[PDB]
Structure formats: structure tokens, C-alpha cells
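In what follows, a single structure is set out as C-alpha cells and then discussed.
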Amino acid sequence: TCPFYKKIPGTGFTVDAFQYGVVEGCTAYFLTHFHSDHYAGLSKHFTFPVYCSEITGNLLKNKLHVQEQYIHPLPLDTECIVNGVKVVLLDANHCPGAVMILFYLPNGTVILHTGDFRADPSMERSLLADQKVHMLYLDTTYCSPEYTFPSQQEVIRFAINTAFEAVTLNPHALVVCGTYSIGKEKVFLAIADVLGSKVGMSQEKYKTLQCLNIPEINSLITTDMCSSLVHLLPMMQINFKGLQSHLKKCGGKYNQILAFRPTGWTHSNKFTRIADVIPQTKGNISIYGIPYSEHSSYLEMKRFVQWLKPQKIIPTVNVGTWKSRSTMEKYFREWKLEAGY
Ligand code: NI
């Protein structure tokens, strides 16, 4: 059964609610982004309206085969009326196609649902600037001060310099990048760009990338592995066993692998600066874990909420334990006392 924090009061709308069967009284289902935890339940058999970004729509149609008559793409940054209610979709700075949703309720209440997001000071100059928000449905994935990580920009710089150095020292090294879902494409695109290569990958992954509206994409990716010295592999294969195995298939073209495993936060961010990071090594294989996050740091999230000044906050992540719920309510109260709302 559909939890409360996926329902939108005074509307017939749900958010990210495809795994509960038919939802009693839902006339339109919103999808914030194409990640498996949020889309779970959509298929060719779905026959209710789905509202989403254009990118999320290309994915539903081509990867899940949802029938075109039920896909309703909306432009960003644009007031739209859906079943008598004004809505706006805003960029969430998460993965390609990911949105937040503003709902302007018949009774005068204004609700922002963030979906999954990486809060940024640029969001302070979107359509949110105008006005009040009575309820915030907040992605609280990293709502604790111990969660610190660098900017995306610094992490890409480290990856670019690391790869360029290794291949310049050794023209016969292969670079491998792990992936399991959409998001974090900048890691493998930036490395391929500095090395003058296309990124090689499986037919299924190429298909997914082709749905993402990345300009000049045909110039950047390929299914011909032999013509590429940056390869994409499923994340689970990014280990010494998986990588040795891959090296055999390449036909004695290469004598070294350097691989990158993009992660979220890990405990070694407590102690090690991005500059100081070092790989796990076995023979001619090296593996770098790099903390490329598509979710707000604690500091980013605090800044966004203190700017927005919402009347009430409903968390959508870490809601399963009394301790988590209690801890999150305590941070929301300090933030409110500190900033004066
Ligand atoms: Ni997500």
C-alpha cells in the first residue's frame, strides 16, 4: 500500500508510486526520475497517465516500452495545468531528466517535492524565488553533518588528471569506468574527452545513453569496443577478478588497466581529501573509488532549506527507524531557530 509521503493532499496525484498496484483515487502518476527505486512497477501494461520530463519520457518509451498514449512530457521552468492544477517542473541536479515538482493547490497551499536532488545555490534564482512554500517533501539521503564530500567539479578534475597522467606514461593502458544506472555520465565523458577516445559499451547501455538528449552524443560513444580506449562496464565487474577477465578479451592490445568506481559517500571522506586519494592495486590492475555524489551534502541541504524557509518539512529518505526520524526532526528545528523562520 502507497505510503502517505507519496500522496499530494487536495489532488488526485501521486509521486513515484508505481509499485503498489492501482492507487485508490489517483488520476495522474508523477515520475520524478528514471531510477529503479522510483519507477518500480511501470511496463507496457500500464494504462494511466504518467507525467514526467521529456528525457524521463524517452526512457519509459524505449527502455520500459510504456505506450506512447500514456506518456505526458512537460517542459521545465513552465507553468502547466494538469487536471485543473497548476504545476511546474524544475531541474533537480540529480541524474539526466530528474525533476522537482511545484504544486499550486486549489486552496492556496504551495507544495515543493524535491524527488532526489543535489541542492545548489543556483536554485535560489529559479521560479522558487518568488514565493512561499507551505510543505517541503525533502530528499534527506545525507541529512547528518558527518556527510561531507567534494564538488562534482573537483572530483572530475582528479579523474581527468589521473587518467591523462597514466596513459601518457603508458600508451598501452586501458581505462575502465563502472556504471549501473543513469547518472554520473560526466565521469566517463570527461576522461574520454581528455584522451581523444570515444567511450565503448554494450548495446543496452548505448541504447540508454541515446535517450538522454546529450548534444553531439554520436561523436562521444560507440558499441565498437576495439576502437575505444575507455570502456564502460557494469559496476559489479569492477574488481580484480572482473577486470583480469575483461583484459583477456581485448586481444593483447593492452598491458594495464586503470578503473574508476564512482560511489556515493563512504567513511574514508571523514579522513582523506580528494587530492590524497589512492587506488587498490594488484599487478597491472588499479582501482580508484571516487566520491561523485548526485545527492545534497548536509551543508548544501541546510543552505537550501534555510533559504526556502518552508512551514513544514516531510522527509522522504531514512524514514524507517525511530532514531533517524528523531535525528532529522532535531536538525530541522536547529535550522529554523538559527535562521529565524
Ligand atoms: Ni535517484
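By order in the C-alpha cells, chains are A, B, ...; within a chain, residues start at 1; ligands start at 1, following the order shown.
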
How would you report the residues lying within 9 Å of ligand 1, as a list in words, if you count only C-alpha atoms and all ligand atoms? residues 32, 33, 34, 35, 36, 37, 38, 94, 95, 98, 115, 116, 117, 182, 183, 294 and 295 of chain A

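The protein and nucleic acid residues lying at most 7 Å from segment 10-25 of chain A are residues 1, 2, 6, 7, 28, 29, 30, 31, 32, 38, 39, 40, 41, 42 and 105 of chain A, with only C-alpha atoms considered and sequence neighbours fewer than 3 positions away removed.
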
Those selected residues, please, written with C-alpha atoms and delivered as a PDB file, in the first residue's frame.
ATOM      1  CA  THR A   1       0.000   0.000   0.000  1.00  0.00           C
ATOM      2  CA  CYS A   2       1.076   3.591  -1.002  1.00  0.00           C
ATOM      3  CA  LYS A   6       3.979   9.846  -1.724  1.00  0.00           C
ATOM      4  CA  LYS A   7       0.494  11.441  -1.747  1.00  0.00           C
ATOM      5  CA  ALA A  28      -2.277  11.062 -12.618  1.00  0.00           C
ATOM      6  CA  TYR A  29       1.005   9.476 -11.537  1.00  0.00           C
ATOM      7  CA  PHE A  30       4.100  11.765 -11.497  1.00  0.00           C
ATOM      8  CA  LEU A  31       7.579  10.289 -12.053  1.00  0.00           C
ATOM      9  CA  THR A  32      10.464  12.487 -10.843  1.00  0.00           C
ATOM     10  CA  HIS A  38      11.209   5.312  -8.146  1.00  0.00           C
ATOM     11  CA  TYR A  39       9.948   3.703 -11.373  1.00  0.00           C
ATOM     12  CA  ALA A  40       9.420   0.157  -9.825  1.00  0.00           C
ATOM     13  CA  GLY A  41       6.163  -1.239 -11.418  1.00  0.00           C
ATOM     14  CA  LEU A  42       5.985   0.608 -14.790  1.00  0.00           C
ATOM     15  CA  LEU A 105      -3.146  23.608  -4.696  1.00  0.00           C
TER      16      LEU A 105
END

Spatial neighbours of segment 186-202 of chain A, max dist 7 Å, only C-alpha atoms, sep filter under 5 positions, as a VMD selection string: chain A and resid 156 159 to 160 163 to 164 177 220 to 225 228 to 232

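For the choices A:252, A:278, A:233, A:91, the atom-to-atom distance to residue 203 of chain A is smallest for A:233 when using only C-alpha atoms.
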
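Distance check against residue 250 of chain A using only C-alpha atoms: of A:319, A:285, A:277, A:174, the minimum falls on A:174.
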
Among the residues of segment 7-194 of chain A, find those DSSP assigns to helix (DSSP H, G or I) from the backbone and print them as a ChimeraX atom specification. /A:36-39,54-63,68-70,121-125,152-169,185-194

Residue 154 of chain A surroundings by only C-alpha atoms, 12 Å radius, close-in-sequence under 5 positions cut, as a JSON list (two decimals) with N, CA and C atoms, in the first residue's frame:
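Result went into part-v9.json, see below:
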[["chain", "number", "residue", "atom", "x", "y", "z"],
["A", 149, "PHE", "N", 31.45, 15.67, 1.23],
["A", 149, "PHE", "CA", 32.11, 15.19, 0.03],
["A", 149, "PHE", "C", 32.47, 16.41, -0.87],
["A", 159, "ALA", "N", 39.83, 12.88, -11.61],
["A", 159, "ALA", "CA", 39.73, 11.75, -12.54],
["A", 159, "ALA", "C", 40.47, 12.01, -13.90],
["A", 160, "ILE", "N", 40.26, 13.20, -14.46],
["A", 160, "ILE", "CA", 40.87, 13.64, -15.74],
["A", 160, "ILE", "C", 42.39, 13.63, -15.60],
["A", 161, "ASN", "N", 42.88, 14.25, -14.54],
["A", 161, "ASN", "CA", 44.37, 14.29, -14.35],
["A", 161, "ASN", "C", 44.98, 12.91, -14.11],
["A", 187, "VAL", "N", 31.74, 11.49, -15.49],
["A", 187, "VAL", "CA", 32.98, 10.78, -15.18],
["A", 187, "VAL", "C", 33.62, 10.19, -16.47],
["A", 273, "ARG", "N", 41.18, 13.81, 1.90],
["A", 273, "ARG", "CA", 40.90, 14.82, 0.85],
["A", 273, "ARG", "C", 41.01, 14.22, -0.53],
["A", 274, "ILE", "N", 40.16, 14.67, -1.44],
["A", 274, "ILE", "CA", 40.13, 14.12, -2.79],
["A", 274, "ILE", "C", 41.53, 14.06, -3.45],
["A", 275, "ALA", "N", 42.32, 15.12, -3.22],
["A", 275, "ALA", "CA", 43.69, 15.19, -3.71],
["A", 275, "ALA", "C", 44.58, 14.00, -3.27],
["A", 290, "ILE", "N", 35.88, 6.77, -6.34],
["A", 290, "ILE", "CA", 35.76, 8.25, -6.32],
["A", 290, "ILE", "C", 34.34, 8.78, -5.89],
["A", 291, "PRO", "N", 34.32, 9.73, -4.94],
["A", 291, "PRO", "CA", 33.03, 10.08, -4.33],
["A", 291, "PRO", "C", 32.26, 11.13, -5.14],
["A", 292, "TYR", "N", 31.69, 10.69, -6.27],
["A", 292, "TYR", "CA", 30.88, 11.53, -7.12],
["A", 292, "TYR", "C", 29.39, 11.39, -6.67],
["A", 293, "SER", "N", 28.88, 12.36, -5.95],
["A", 293, "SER", "CA", 27.53, 12.28, -5.44],
["A", 293, "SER", "C", 26.56, 13.08, -6.28]]

When you look at segment 169-172 of chain A with a cut-off of 9 Å (counting only C-alpha atoms), what residues show up, excluding the ones that are within fewer than 3 positions of it in the same chain? I need them as a ChimeraX atom specification. /A:164-166,253-256

Would you output that residue set with N, CA and C atoms, as a PDB file, in the first residue's frame?
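Below is the file part-v9.pdb, written as the result:
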ATOM      1  N   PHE A 164      44.844  10.957 -17.531  1.00  0.00           N
ATOM      2  CA  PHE A 164      45.749  11.561 -18.564  1.00  0.00           C
ATOM      3  C   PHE A 164      47.208  11.249 -18.244  1.00  0.00           C
ATOM      4  N   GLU A 165      47.554  11.428 -16.968  1.00  0.00           N
ATOM      5  CA  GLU A 165      48.883  11.001 -16.485  1.00  0.00           C
ATOM      6  C   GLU A 165      49.204   9.538 -16.764  1.00  0.00           C
ATOM      7  N   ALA A 166      48.310   8.593 -16.411  1.00  0.00           N
ATOM      8  CA  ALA A 166      48.627   7.172 -16.562  1.00  0.00           C
ATOM      9  C   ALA A 166      48.828   6.694 -18.031  1.00  0.00           C
ATOM     10  N   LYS A 253      45.978  -5.991 -26.891  1.00  0.00           N
ATOM     11  CA  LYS A 253      46.060  -4.557 -27.206  1.00  0.00           C
ATOM     12  C   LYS A 253      46.639  -3.749 -26.021  1.00  0.00           C
ATOM     13  N   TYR A 254      46.322  -4.211 -24.805  1.00  0.00           N
ATOM     14  CA  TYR A 254      46.647  -3.509 -23.584  1.00  0.00           C
ATOM     15  C   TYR A 254      47.380  -4.371 -22.570  1.00  0.00           C
ATOM     16  N   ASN A 255      48.244  -3.748 -21.781  1.00  0.00           N
ATOM     17  CA  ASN A 255      49.051  -4.416 -20.734  1.00  0.00           C
ATOM     18  C   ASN A 255      48.830  -3.809 -19.368  1.00  0.00           C
ATOM     19  N   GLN A 256      47.804  -2.953 -19.205  1.00  0.00           N
ATOM     20  CA  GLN A 256      47.495  -2.314 -17.905  1.00  0.00           C
ATOM     21  C   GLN A 256      46.011  -1.871 -17.899  1.00  0.00           C
TER      22      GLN A 256
END

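In this model, the gap between atom CA of residue 4 of chain A and atom CA of residue 86 of chain A comes to 21.6 Å.
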
May I have all residues of segment 107-223 of chain A that DSSP, computed from the backbone, assigns to strand (DSSP E), given as an MDAnalysis selection string? chainID A and resid 110:113 135:138 173:179 199:200 221:222

Write out as a ChimeraX atom specification which residues come within 12 Å of residue 276 of chain A when counting only C-alpha atoms, dropping same-chain ones fewer than 3 positions away. /A:155,158,162,268-269,271-273,279,288,290

Go ahead and dump the residues you just picked, N, CA, C and O atoms, as an mmCIF file, in the first residue's frame.
data_model
loop_
_atom_site.group_PDB
_atom_site.id
_atom_site.type_symbol
_atom_site.label_atom_id
_atom_site.label_comp_id
_atom_site.auth_asym_id
_atom_site.auth_seq_id
_atom_site.Cartn_x
_atom_site.Cartn_y
_atom_site.Cartn_z
ATOM 1 N N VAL A 155 36.014 16.442 -8.223
ATOM 2 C CA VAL A 155 36.116 15.027 -8.454
ATOM 3 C C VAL A 155 36.458 14.740 -9.945
ATOM 4 O O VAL A 155 37.308 13.878 -10.227
ATOM 5 N N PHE A 158 40.204 15.490 -10.687
ATOM 6 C CA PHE A 158 41.037 14.409 -10.175
ATOM 7 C C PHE A 158 41.010 13.218 -11.112
ATOM 8 O O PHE A 158 42.058 12.644 -11.414
ATOM 9 N N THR A 162 44.326 12.088 -13.278
ATOM 10 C CA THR A 162 44.730 10.730 -13.050
ATOM 11 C C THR A 162 44.799 9.886 -14.338
ATOM 12 O O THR A 162 45.858 9.266 -14.611
ATOM 13 N N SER A 268 35.761 6.829 4.373
ATOM 14 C CA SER A 268 37.073 7.471 4.084
ATOM 15 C C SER A 268 37.040 8.970 3.651
ATOM 16 O O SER A 268 38.100 9.562 3.481
ATOM 17 N N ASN A 269 35.853 9.559 3.440
ATOM 18 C CA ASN A 269 35.693 11.027 3.303
ATOM 19 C C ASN A 269 35.893 11.758 4.639
ATOM 20 O O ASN A 269 36.276 12.949 4.656
ATOM 21 N N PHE A 271 38.329 11.291 6.542
ATOM 22 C CA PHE A 271 39.760 11.431 6.747
ATOM 23 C C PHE A 271 40.563 11.900 5.516
ATOM 24 O O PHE A 271 41.482 12.704 5.674
ATOM 25 N N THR A 272 40.218 11.416 4.312
ATOM 26 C CA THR A 272 41.025 11.670 3.105
ATOM 27 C C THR A 272 40.430 12.730 2.130
ATOM 28 O O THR A 272 39.327 12.558 1.615
ATOM 29 N N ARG A 273 41.183 13.810 1.896
ATOM 30 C CA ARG A 273 40.900 14.822 0.854
ATOM 31 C C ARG A 273 41.015 14.220 -0.531
ATOM 32 O O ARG A 273 41.895 13.389 -0.788
ATOM 33 N N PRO A 279 44.677 4.319 -5.064
ATOM 34 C CA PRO A 279 43.972 3.134 -5.535
ATOM 35 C C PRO A 279 44.249 1.814 -4.802
ATOM 36 O O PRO A 279 45.282 1.693 -4.157
ATOM 37 N N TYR A 288 40.295 2.881 -8.515
ATOM 38 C CA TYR A 288 40.037 4.103 -7.741
ATOM 39 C C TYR A 288 38.558 4.203 -7.402
ATOM 40 O O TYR A 288 37.741 4.198 -8.297
ATOM 41 N N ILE A 290 35.876 6.765 -6.336
ATOM 42 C CA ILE A 290 35.755 8.252 -6.325
ATOM 43 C C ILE A 290 34.343 8.779 -5.894
ATOM 44 O O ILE A 290 33.315 8.293 -6.389
#

Give me, as a PyMOL selection string, all polymer residues having an atom no more than 9 Å from segment 300-314 of chain A, counting only C-alpha atoms and skipping those fewer than 3 positions away in the same chain. chain A and resi 5+118-121+123-124+128-129+131-140+142-143+296-297+329+331-332+335-336+338-341

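From atom CA of residue 85 of chain A back to atom CA of residue 211 of chain A, the distance works out to 29.0 Å.
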